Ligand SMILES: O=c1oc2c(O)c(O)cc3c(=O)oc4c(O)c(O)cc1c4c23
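Encoded as structure tokens, the following chain is the form solved without the ligand, with no partner shown.
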């Protein structure tokens, strides 16, 4: 059937009965009233059964051996469905497929019932998930720590061409994977005031919110290691949240509990944008405060909570602990670690600071100013008083270091301050992270360099040793084996299976680049994938597409810097050229654009309306026929990504040079047989470098060109004046060609494009369409197109998260990865 494992005789029989046990005892249903949803749960529970054994021994193991623990703090974890992924890492896919088949059910039909765990906005959240999968696969004692939002990223609905947001109640039917651990609930404080008494400061009169943990298992790839992702849930104490007496109402008091519990109610739907709301800050301290207590407790036990030097010496803390800050969201971990160490454990400042800097590491994910976290001091002042004091004290000592290093450089001082003066004083979270961490890293080579050259230049000059780079990656398991079994099979037919956990081995495929059979096969799976997607489209969304055309797709969150607008310009151009010479042949294309706009991002929502507007015109023009279709992929999410990517021919990664930190979608397309048309931005540079620029469609300004233009000054009118085709499009938008009933509907877009385009869309127009012509040319030559594809696929190995994690492990955490199978799952009950 494929290498989804063995369909053993004994195990298929075993599976079936357990499937039945659960249907009866767990779901309390009988075959005569069970629905697909019930069948999905019976299975889920049956599968979950298989990793509890391993989950328990893995955790017990780490307790015995006591290795250095890695803690990945992130406000986001974009998990997606977990049934299939679990079967894959446990080599259970074929057995389950067989068993369910014998039970008379279609496993695939059941997998579609699982709701996505959308606790993330996009790239940052998905990285965290791939990282988790990689850390388990590499046998690291790592824990993902976050918030268990009851409402993840909103489900996108297109009404009249406009995006409509609706609550994502992903827990509505229950989450068979998580394990509530009410017994480990911890208290978290808010507000209050600071008392300075005799021997130390005291955080007093605080409001208490409880943090209840929920554990979700993270299985490594076929190595019997199952790590833990601990998500926190806000709960109100039953005392003060009722006991603070003297009139108000008993009923009202109970109803008001949903005020402390609002903290973990919903994820903020912003991608690369900073919103300074109190709720957000509260979420940020909540996950930090709870997690740290859990970390220190585990440490207090270790082998110190037995003997060792005997005396809670936190000198060995950094030797046992390592916490990674995914962006600045969990930045309060730094001052909070100091608070505990200094205030509660009573360590002297300097010893506390040494420990903190040695255990903390920060990862930066963007350079755009609007995405930088700058919290108003009055907020910190009211909500976390003692933390503010600590930050000022950190700032004080840091600046003293600077002054000592650069005597007289008074401007440098203000520039590096963690405190920003002006309208309202703010705290530059990024500056905080750099100062209190031993390592800071970019997510792509160019991005990392930009940090040292620009944004954090002064910090680099002060401590060059802190700055590193760790190019992002993705997991081959979910992003290849899971979503593209067909491609994985033919690859395995030639080079084996060892590449699943050693993606570099894909290079061996280079020697098949001229293999007639292979070329045919690679080409075949992609054709099958396109057919399956084309079907899914009519199945769930309804209104036909042509599987023979080139599948042109751009899927990622809607942003001005992502330039979906530039994509739009090309599409309209194609249309206009066809309308000019109808009977001229052109390579058929189905351009698919998908992604979510943050609810408050007016421009982004305007762009979605534009895309749909273009399709209304293009898709109903008889002269165009089936040569050009414009489709807006609805509710783009992980599960949807696993369907389109494998079916894509052309991958669009066209951000303005210098704006996309790295990107990971791009990597997903490269590994699944799609060619890339893009700019020398983020990881695109390393991809083309890895596959050779001849096998990549690069175009547009490089970072330097962008800057040159900015010195000069960017004037869009010039491009409007010199390019007729471009002019024609702008005037079409301005006159209502795409919005008859509302002729001025797109004035904001046009206005912006002409007068305040921060991302100079026009500057890359000419080179972009020219380049698009080159890909159409190559598509006309199937054999050569496929051969270039083989060149990309065979060379994408470097982009596996296993590599990224291996690097974090060695160069930052100080731990050695291991592909050693944990001692089987075997029963055991001590």
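Positions refer to the first chain, counted from 1.
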Note to self: Highest mean C-alpha temperature factor of the two stretches 806 to 814 and 10 to 18, which is it?
What the structure shows: 10 to 18
Notebook entry, point to check: As stated in the PDB record, which stretch has the larger average Cα B-factor, 404 to 412 or 195 to 203?
Noted result: 195 to 203
Check: Highest CA temperature factor in the entry: which of 436, 665, 213, 160?
Finding: 160
Next item on the list: Can you pull the Cα B-factors for 82, 734, 293, 475 from the entry and say which is highest?
Entry: 734
Notebook entry, point to check: Against its chain's modelled residues, does residue 774's Cα B factor rank lowest, middle or highest third?
Noted result: lowest
Checklist line | Chain thirds of CA B-factor: placement of residue 61 | finding: highest
Margin query: Based on the deposited C-alpha B factors for this chain, I'd like to know if residue 766 is in the lowest, middle or highest third.
Written below: lowest
Next item on the list: Please rank the C-alpha B-factors of the chain's modelled residues and tell me whether residue 35 sits in the lowest, middle or highest third.
Entry: highest
Next item on the list: Give the position of residue 677 by CA B-factor within its chain, expressed as the lowest, middle or highest third.
Entry: lowest
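Form deposited with the ligand bound: not shown, discussed below.
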Check: What is the one choice in 721, 516, 370, 350 with a heavy atom within 4.5 Å of the ligand in the entry with it bound?
Finding: 370
Next item on the list: Heavy atom within 4.5 Å of the ligand in the entry with it bound: which of 499, 273, 575, 632 fits that? Just give me the one.
Entry: 273
Next item on the list: Within 4.5 Å of the ligand in the entry with it bound, counting heavy atoms only, one of 599 to 607, 692 to 700, 615 to 623, 97 to 105 shows up; tell me which.
Entry: 599 to 607
Note to self: When the contact criterion is heavy atoms within 4.5 Å, does residue 758 count as touching the ligand in the entry with it bound?
What the structure shows: yes
Check: Can any non-hydrogen atom of residue 559 be found within 4.5 angstroms of the ligand in the entry with it bound?
Finding: yes
